[PDB]
Amino acid sequence: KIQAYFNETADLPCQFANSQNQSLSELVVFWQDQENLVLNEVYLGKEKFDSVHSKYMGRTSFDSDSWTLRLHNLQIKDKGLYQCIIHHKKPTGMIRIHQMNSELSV
Amino acid sequence: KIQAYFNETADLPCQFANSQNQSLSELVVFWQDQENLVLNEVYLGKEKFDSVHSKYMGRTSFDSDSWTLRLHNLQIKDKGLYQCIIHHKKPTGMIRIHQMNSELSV
Amino acid sequence: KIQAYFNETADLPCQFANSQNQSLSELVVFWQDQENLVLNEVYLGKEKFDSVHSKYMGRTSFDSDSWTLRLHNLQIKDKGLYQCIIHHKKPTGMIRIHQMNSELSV
Amino acid sequence: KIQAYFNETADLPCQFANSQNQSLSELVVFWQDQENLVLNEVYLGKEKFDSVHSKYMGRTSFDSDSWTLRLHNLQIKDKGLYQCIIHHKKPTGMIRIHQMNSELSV
Amino acid sequence: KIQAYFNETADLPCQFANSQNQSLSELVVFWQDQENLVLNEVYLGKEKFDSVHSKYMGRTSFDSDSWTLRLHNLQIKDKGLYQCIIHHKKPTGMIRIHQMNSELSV
Amino acid sequence: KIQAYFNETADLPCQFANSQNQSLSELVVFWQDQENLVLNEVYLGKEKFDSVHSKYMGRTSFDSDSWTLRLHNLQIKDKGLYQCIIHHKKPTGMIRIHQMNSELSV
Amino acid sequence: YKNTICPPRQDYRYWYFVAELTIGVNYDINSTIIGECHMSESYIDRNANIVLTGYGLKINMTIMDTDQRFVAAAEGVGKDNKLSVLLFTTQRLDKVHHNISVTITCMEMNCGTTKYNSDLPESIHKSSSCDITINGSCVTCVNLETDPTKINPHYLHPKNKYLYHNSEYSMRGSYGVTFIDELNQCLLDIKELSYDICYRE
Amino acid sequence: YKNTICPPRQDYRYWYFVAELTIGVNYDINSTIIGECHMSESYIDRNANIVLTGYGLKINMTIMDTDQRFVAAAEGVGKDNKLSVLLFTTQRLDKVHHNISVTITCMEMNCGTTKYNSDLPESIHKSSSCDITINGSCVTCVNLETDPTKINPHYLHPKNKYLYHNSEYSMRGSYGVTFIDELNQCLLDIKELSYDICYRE
Amino acid sequence: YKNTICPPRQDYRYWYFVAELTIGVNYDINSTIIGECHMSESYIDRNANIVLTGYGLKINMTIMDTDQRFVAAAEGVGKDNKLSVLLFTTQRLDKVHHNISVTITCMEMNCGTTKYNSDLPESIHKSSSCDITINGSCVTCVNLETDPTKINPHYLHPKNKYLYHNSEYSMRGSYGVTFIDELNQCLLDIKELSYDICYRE
Amino acid sequence: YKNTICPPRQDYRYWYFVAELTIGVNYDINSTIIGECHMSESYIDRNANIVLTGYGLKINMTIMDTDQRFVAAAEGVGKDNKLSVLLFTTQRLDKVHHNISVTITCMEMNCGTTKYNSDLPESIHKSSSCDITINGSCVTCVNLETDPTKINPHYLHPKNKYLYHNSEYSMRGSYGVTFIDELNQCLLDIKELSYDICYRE
Amino acid sequence: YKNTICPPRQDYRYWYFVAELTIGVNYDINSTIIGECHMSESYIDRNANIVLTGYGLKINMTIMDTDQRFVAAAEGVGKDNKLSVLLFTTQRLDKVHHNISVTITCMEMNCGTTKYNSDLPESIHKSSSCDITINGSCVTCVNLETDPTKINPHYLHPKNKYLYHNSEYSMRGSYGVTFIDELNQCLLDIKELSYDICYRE
Amino acid sequence: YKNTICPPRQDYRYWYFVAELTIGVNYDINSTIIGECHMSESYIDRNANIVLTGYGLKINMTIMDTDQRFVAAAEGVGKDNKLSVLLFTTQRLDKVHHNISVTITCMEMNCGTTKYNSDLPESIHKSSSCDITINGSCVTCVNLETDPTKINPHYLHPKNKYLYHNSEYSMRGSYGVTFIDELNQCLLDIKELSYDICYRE
């Protein structure tokens, strides 16, 4: 697993290899907690905030070039493991293609 | 049904058509009440009084020409329907050939 | 049945017709009460007293010519019917050939 | 559904298209309430009042040209939906051919 | 059965006929009580005292010529019947050949 | 069984005949108590002390030439029978080849 | 369109009281036995037939030219060795009198060959006839009231079934025969009477 | 018209007391056993036949030229090793005496070949005869009262059945044989007696 | 890809309320009998068929050109001899009105040949038709509401099953016929009503 | 006339105490087991035969030239591994001594071929003989008292059956064999003894 | 020497938690029914196969090139119409990822032909694939976790059996597909969940 | 005369404690299950054979050139996954050591081909040998004590049977094999142990 450091800024990377070399334009990219509350939601390149829980509301930023979510304002409570899930949205059906679990200790 | 009038003399007719045109010499001719007590009994032309109930004992007369029983001394109690039964006595077995039900209101 | 008269002497006859015309020398001839107590017992012409009840002990006499038991000293008690039984003693087996029931009123 | 206006006069139309183009002379035309009490009854062109409930007794008028029942003297109670039923009376059997449900708010 | 006399000396004989005419050298000869306690025991001509009950211990004598056990010092208690048992000892198996029951009243 | 003498030094021999004439270099040679606590353990010629119980810890010596365990400092408690077990260690599986039970009374 | 008979079934519930058969016997029957009567029905060529085995009697009664089939029967024993039989068909689809044939044959006690055979005329309206024949000397009296206007009050109907009976005097029929020198007396006492529904059909 | 026999059935209810068979035996029977007696009936060519297996005895009794068939039997054990058999047919349709044949064969204890064979004459009116034959030495006495005027008071009839017996002395019959040197004594004590109805038929 | 029917099974749990059949009869049915109704289903060549035997009636109703099969039925008896039938299929995969054929044939009481045969037009939207035919004179009224928007409150569904019904007025259908000179009155009282689920299928 | 055997039957009630077989064994039998013994009877060509399976032993005992057949047996276990067998036939029709053959074969524990075979002479009156043969080394002692004058007091007879035994010393028979160097001791303790009636026949 | 599969047996007790199949449906399943699920196992040519009939679904899942056979399954119904299936094989004899094929075919409610067919890639380590095909439109979501590291706490194991599960993250596998425009949500609530062990095998 | 084997029977009561087989396994068996063990016996050509199915193991043990046949077995589970088997034959008719062959094949958990095959020498007196072969990797230890002088105190014998065991050290035999790098430890804890008698034979 991958961990992050103390109370400045946490970096959670998906580390998607992208072996099929497909673009981010058709890719559902999102993060979630060990208690399964959504952190961010990238639907087709636009961040969606409707499913984001109020605890992480307006706290997370996303970097598309490094495929990394930056969590700001670390607390004592958020020591759980965070997993990022990458679906590939297809009109016939949305298929999960990648998932990874990282840790976070502050 | 056939009814009769007030407290003078009641006439109950059998109204046997006698289509076989047989004589009264071999014919069991008798009358009875709604509670089934025998009024008269003509066995072979001779009146038999052994089965006559004590309530109608020596009160009824019989007319062979009109085939009619005359009940005398009408009471308040005897308002029931009276039925006359005509059997044809045969040595092999006695067969009922006619029955009729008349009424009586006084 | 056959009855007898008052308190002098009762005569109970067997009235055996003896159609086979056999002699009394081989014939078991005896009498008994309604309560089945033996009165007399003629085995082969000799009276046997061992099975005679004590009530009729030494009270009955027997006449072979008329085949009749004479009961003496009539009492009030002995008003029952008396039956006489005649067996034909054969060495293969003793066969009852005649029985008769008489009455006795005193 | 079709509704009507306030406390002056309600108009409930059947709106029968009459695609078979048959006359009103053989047609059972009637109206009823949500609690299923008969308002009017046109049997063969003559209004029948025997099945009309006492609540609508002598209150409803009928127009054959517009096929419309006019309900007068609107109350607070009669806010329910009213349905009109058109049977086609045939001697072999009476067949319902049309029904419609209208509303009424006052 | 065979009995014996009063309080001097009892003689219990086996009365073995010895029809096979075999000698006493191979013969188990012994006596016992109604309660089945051993009196004497002659195994191959030598008296054995190990199975002799203490009540008859040193009280019985044996005579080989007459085949008779002499019981001395008669008591009131020993009025039971005494039986003598003669086995024929064979190395394959010991076979009882004779038994007899005598009585004893004193 | 084989016993030993009083409170000086006990000698427990295995008395392995060694009919296969194999060397001690591949042989698991050990001793144990009636309550099955290990006394010594010779694995491939080197004594192993990890499974030796603390009661016999540093108390037993071993002689390879006579194949005999010398138990020093005899107590009152160690009067039980001692058994020596000789396994033949093979890489496919360790096979017990000899066992013997000796006694010890002090 | 014509009104026809209903198809057969195992358990019929709509019963019509068709007949009151009232055989008197000269041998002792003391009481109504539960599960004694056994009936067999048939409907062949517009003729209804019921055969009743019970209380020492077998009753073979057939009705000619009917749209009815016998579906039920209840037998009961009155005082003075009288046997009352209540018979039930499906429904009355015609208002005409039907010809009746009864065979009363004696199973136990007094048994024999054809003691009696006659055609009993219908007492009221004289439209029909009852061909009766009695096989044995065990019968004192026979009374048969076809389509009676009154049920016996001592007969209790089953709860799951429905009972209909005649209400018109014009449909009534009376047939009667006595072999004992006593006028009438075929009628039941109706004082202490109990009925049992017969087993089959 | 002729009065005939009734047809056979599984369970007969109108019984007529025809005979009182009173075999005495010399072996010990101590009490009446429930469910011990087994009877088999036959009615072939106007001859009634009953075979009774029980209490160490088999009784094959046939009556010639009768309109009766054996329908029931009750066996009971009295004191002094006496065996009383009560027999019941359908009904008495003739007032004539019938010839009787009894075969008493011994099943257990004293068994053998034909110990006895004779024709016992009827004691009263001398009209009939009883061909008796005894297969074994187990019989001391035989008493047979055909159509008795009195039932044993110790015999209880079943509630659902009906019992009739003779009332005339002219129809009584007595047959008896003794093989032991004691006059009579075939009769039961009738002090402590119990009867069992036999199993089959 | 096309949405098709589900395969048959012994016990179906997802029921769709398809029809409310409301036969009135002129013979007496007093109450709802538990275990009375018996239904038989068939789905052959896109035609659903249910045959209902019960309360003196047999109902052979088939629906043409459907992707539904009849899986359940509940029959109940209201006051004034009214018979309400609730019918349930699998699921509604089409929003088109289907043609209906009902055969109401009378098993008991008034029985006969084809009393009635007609095509009842659909009352609302006039898209379909009901070929009704009535075999017997035992029917006063027929009411059939295809895809009703309301269940009867007196019908209790089983706990392990699931019920769905129509919610749109555009899918409702009404067919009705009366043979008695009374307007409507086919409707149930809905005061004291009890339903029984039919036995088979 | 000749006195013969009785015919076979399923359940015999008149038993005659014929023999007391008293096998001692050297293996441990601790108590009498209910339902352990199984007997099989045969009577072929005037030879009675009983085969007893139980308590580790099979006993095939036949009696030659007899009018008796074995009908019952009761086995019991005494102290010191002694096995007492009580045997019962029908009846004693002859007062002559019969020749006896016993085969004692060992089912479990010590099993083998013919360990012993001899003719044991009858101890009292020397009229008969017992051909004994023992198949196995499991037998210490054999005692057989043919027609004993005394029953064991520990044997309880069934209530429905009857028991007879010999009363004359002239009909007694004793056969005995020991294979252990101890005089007699074949006899039971008769202190705490219980008998079980064997299962079949 | 090679480590092979174990032979088949009727009742297996050593279970290995292989998979967590989490079908979401769009029709109403309200609760877990005892005795609802029925499973059929097969192991032919190194391919394990389990067919699960229950809750309106049939699941035909086969694993290719394995030394495991499906021995158990437990189905449970969560909130929002989610169906969790727990699957158990014998033992894990290889540490390699296996290719998976799931056929989810809809038995009732929404039924049809092949709505979906795809190869779902394994989410973590991308070594295997899941050939999924869905026969019907009754499936909202599919989640399959092959060799999970955690059992559901709401699943109670039988007392006589033994349970083993994966403990390494490297052996975990995740396959998922959604057909409804909602991210994830295939997961169970795990608040009020009950599991039933399927019937056969 | 020669001392031979006893004939076979369904239920043997004289048992001889022949062997103490003490397989240790590496998979979890937690307790002794009532009715788990199933044994099959054979005695063909002077070779005794017992096959034991239970606790995930099948044990095929045969003894060559014996006059004994396996009649009973009791299996029990000790701590640390140890399986103790107690075996019982008829009787010891020879005082010679017999050659032993054990096949321990693994039914569940770790299954495979022939992991082990060797001839274990007898530890004391070295007269015999044990051809052991182990089909699977599920066995840690095997201990076999042939004719032990002591029964396990935790084994309760049935009340109706009798138990005998060896009392001489010269008839003792020890065979042992370990596959785990721990001296001995095959022995049971004998602290909390329960035995179950196997089902068949």
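Every residue number used here counts from 1 along the chain in the order it is shown.
The backbone N, Cα and C atoms fix where each Cβ goes, and this holds for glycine too.
According to Swiss-Prot, the feature disulfide bond maps to C:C14-C:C84. What Swiss-Prot lists as domain 'Ig-like V-type' is C:7-105. Under the heading N-linked glycosylation site, Swiss-Prot lists C:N7, C:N21, citing sequence analysis as support.
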Packing count at C:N7 (N-linked glycosylation site) (other Cβ atoms within 10 Å of its Cβ): 10
Other C-beta atoms that fall within 10 angstroms of the C-beta of C:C14 (disulfide bond): 21
DSSP-derived class (H/G/I helix, E/B strand, else coil) of C:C84 (disulfide bond): strand
Cβ-Cβ neighbours of C:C84 (disulfide bond) (radius 10 Å): 23
Where C:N21 (N-linked glycosylation site) falls in three-state DSSP terms: coil
For the domain 'Ig-like V-type' (C:7-105), residues assigned helix / strand / coil by DSSP: 6 helix, 42 strand, 51 coil
Residue pair C:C84 (disulfide bond), C:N21 (N-linked glycosylation site) - Cα distance, angstrom, rounded: 19
Pairwise CA distance, C:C14 (disulfide bond) versus C:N21 (N-linked glycosylation site), rounded so that it is a whole Å: 15
Residue pair C:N21 (N-linked glycosylation site), C:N7 (N-linked glycosylation site) - Cα distance, angstrom, rounded: 35
